[PDB]
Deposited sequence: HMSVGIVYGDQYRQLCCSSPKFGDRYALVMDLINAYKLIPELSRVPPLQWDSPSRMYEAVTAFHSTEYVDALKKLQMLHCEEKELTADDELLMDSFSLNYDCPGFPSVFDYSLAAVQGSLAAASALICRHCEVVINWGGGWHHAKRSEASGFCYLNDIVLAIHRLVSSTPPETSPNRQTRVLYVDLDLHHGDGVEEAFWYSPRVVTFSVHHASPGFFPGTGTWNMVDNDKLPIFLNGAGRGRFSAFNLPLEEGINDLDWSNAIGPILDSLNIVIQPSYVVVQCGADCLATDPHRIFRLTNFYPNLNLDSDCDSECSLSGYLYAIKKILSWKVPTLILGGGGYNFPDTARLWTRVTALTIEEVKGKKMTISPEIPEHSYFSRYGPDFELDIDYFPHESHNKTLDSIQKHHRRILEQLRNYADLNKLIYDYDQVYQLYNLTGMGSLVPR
């Protein structure tokens, strides 16, 4: 089946942060309004037998002292008085500040995404589902002992760790967010079994700053993980077609060479033309074909067990519009059953948020650099396969580009 993570408590926690507000409710309620929920298997978030088991899972990646600090931050924000100077210094030491502030539910909110994405990986491993979706997950910036970019716990890293250890097992991670997937890339920098690939904007001063030239050179992993971290940085303004042609051949070549056992996809919606970032010009159109739907369709055509996660996306109704179409397309590709979605938003709880026109399309009217990157990336893929003693014909792959 196609699985999707939701639940009453899960919904409440995912809607409890100051930055993402009620976005998750819009997404799941638009999916429901389009009558997709009967087609999907509900995957319940993971819960644990004890505090010690919870810590054992989360500290598979994060440090005990960082988890302690994040939980203390929640407790301090549930009291009336301000932080002490010593507690401020403590939170500063883990970057629990500025763009990663405290709020009354910060630990439960962050933990919930881990619970959902771990539960999703388990549903793939036991073969209950062929694909699982978690629109509450996808927080790719968090590090072992550091919050970053409103990411406090890295649910992606923990989900991937569960997949690679279920065994040889290899995972391909594809990061479609506007931003570089630095936290996931870093966690697996020395690991050849998890190949990471992020496409993103990069430019001087733009967050988080990595995933680009370091004549400077491209770092790409280390140790036995050399050549296992891939990046495609793109200039602002790119449309659906140029973005699709940029990543399409890379995706096909990665699958041919790596032969992954699982694929994990981060589908942050901040590349939409209507995102307040206003950097890329992608759409959710489905006849121009949305770069997002082009990529998901290609990935799903591989017939490899796949985890689809959320991420960025700061125009909440347009993020719901996109993720509803990704959800419908996943059902259609996996089940071979046609999903017909009306071009008009159906009546439901949040109908008023899709004014003034109430349509499913977003409200938008629409290379020598990329050829150079393709040559660079093809040579890196060759070096990866040589180092890891992997089989493949340079011809079938070269001709993809």
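The deposited sequence has C-alpha coordinates everywhere except the stretches 1 to 2, 170 to 177, 225 to 230, 304 to 315, 395 to 401, 437 to 447.
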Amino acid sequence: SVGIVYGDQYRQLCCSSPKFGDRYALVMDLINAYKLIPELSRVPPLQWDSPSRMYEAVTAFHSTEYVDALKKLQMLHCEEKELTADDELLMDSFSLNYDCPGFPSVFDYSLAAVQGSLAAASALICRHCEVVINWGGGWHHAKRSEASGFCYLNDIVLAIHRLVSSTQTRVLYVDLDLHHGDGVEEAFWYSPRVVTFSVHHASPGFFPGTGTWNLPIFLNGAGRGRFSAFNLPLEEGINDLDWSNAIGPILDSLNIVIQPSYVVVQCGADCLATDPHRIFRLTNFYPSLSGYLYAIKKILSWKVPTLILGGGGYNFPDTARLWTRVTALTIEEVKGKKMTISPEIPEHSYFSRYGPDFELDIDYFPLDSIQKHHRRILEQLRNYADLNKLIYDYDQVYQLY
From here on, numbers count along this sequence of modelled residues.
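Across the other entries compared, at least a third leave residue 288 without coordinates even though the residues on each side are present. Residue 216, present in the displayed chain, goes without coordinates in a third or more of the other PDB entries compared that cover both sides of it. Set 85 to 93 against 252 to 260 and average the Cα temperature factors; 252 to 260 ends up higher. In this entry, the higher average B-factor at the C-alpha atoms falls on 351 to 359, of the pair 351 to 359 and 28 to 36. Annotation for 147, 241, 158, 320: 241 ranks highest, by Cα B-factor. The top Cα temperature factor in the record, among 47, 52, 64, 342, falls on 342. Per the PDB record, residue ranking by Cα B-factor puts residue 20 in the lowest third of the chain. Sort the chain's modelled residues by C-alpha temperature factor and residue 169 lands in the highest third, per the entry. Remark: residue 100 belongs to the highest third of its chain, ranked by C-alpha B-factor as recorded. Ranked by C-alpha B-factor against the other modelled residues of its chain, residue 292 falls in the middle third. The deposited CA B-factor of residue 223 belongs to the highest third of values across its chain.
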